[PDB]
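> model the structure of this input:
(2 chains)
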Amino acid sequence: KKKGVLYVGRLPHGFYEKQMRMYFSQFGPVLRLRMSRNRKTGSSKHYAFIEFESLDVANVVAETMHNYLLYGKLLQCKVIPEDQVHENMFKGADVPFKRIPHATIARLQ
Amino acid sequence: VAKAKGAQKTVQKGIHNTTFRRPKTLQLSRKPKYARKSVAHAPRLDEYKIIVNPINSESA
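Residues are numbered from 1 along each chain as shown, chains lettered A, B, ... in the order given. Take a look:
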């Protein structure tokens, strides 16, 4: 019914867009997933926002993986209420991020 | 939501989860370290003790 949106923080290096999708899928279907990345080199910002079909499913994860010691990192995930969700946490979600080779294109240019 | 509540919430807490008679149990046999009698006794009733004497009475 109600579109559940979830935040995940303190991402271990590796828990990237595909790894999260193939993990949260068995919890429940995942529609729109984006993971914040550096504008310049596309490096990870180590925090991602995911969406779930229902807040009830969205709150399911928030009470299991919250404070989930992973590779020495305490995963931070909890439901973000819909009042303050913005329009485009998933702008370009599920899309291979474009990292442009700024240096080399400058030398070629 | 039941998809995650069961077997996705509890998998993270463990995926692997007439009358009665005393069972027969292996009953060993004795293997003494010392045989309790050094020399086995010689036979207690042989011919020379069975037949003690003949009777030579008048009826005999």
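> the residue nearest the centre of chain A: what secondary structure?
Nearest residue to the geometric centre of chain A (C-alpha atoms, centre = their mean): residue A:48, 2.5 Å. Following DSSP: H, G, I helix; E, B strand; the rest coil, residue A:48 is assigned to strand.
> same check on residue A:33?
Assigned by three-state DSSP, the conformation of residue A:33 is strand.
> contact partners for the closest residue to it other than its chain neighbours?
Nearest non-adjacent residue to residue A:33, counting by C-beta to C-beta, 6 or more residues apart in numbering or on different chains: residue A:50, 4.8 Å away. (Each C-beta comes from the backbone N, C-alpha and C, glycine too.) By C-beta atoms under 8 Å, 6 or more residues apart in numbering or on different chains, the contact list for residue A:50 reads A:5, A:6, A:7, A:8, A:20, A:24, A:30, A:32, A:33.
> and which of those residues is nearest residue B:33?
Nearest to residue B:33 among these, counting by C-beta to C-beta, is residue A:24 at 67.7 Å.
> pull the host helix or strand of the closest one out as PDB, backbone CA atoms only.
Using DSSP states H and E, residue A:24 maps to helix A:17-27. Provided in PDB are the C-alpha atoms of helix A:17-27 (Å, rounded to 0.1, in the frame of the first residue of the first chain):
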ATOM      1  CA  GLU A  17      24.000  -1.300  -5.500                       C
ATOM      2  CA  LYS A  18      23.900  -4.800  -6.800                       C
ATOM      3  CA  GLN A  19      25.000  -6.400  -3.500                       C
ATOM      4  CA  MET A  20      22.200  -4.700  -1.600                       C
ATOM      5  CA  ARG A  21      19.500  -5.600  -4.200                       C
ATOM      6  CA  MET A  22      20.300  -9.300  -4.200                       C
ATOM      7  CA  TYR A  23      20.200  -9.200  -0.400                       C
ATOM      8  CA  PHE A  24      17.100  -7.100   0.300                       C
ATOM      9  CA  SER A  25      15.200  -8.900  -2.500                       C
ATOM     10  CA  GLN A  26      14.700 -12.000  -0.400                       C
ATOM     11  CA  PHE A  27      13.400  -9.800   2.400                       C
END
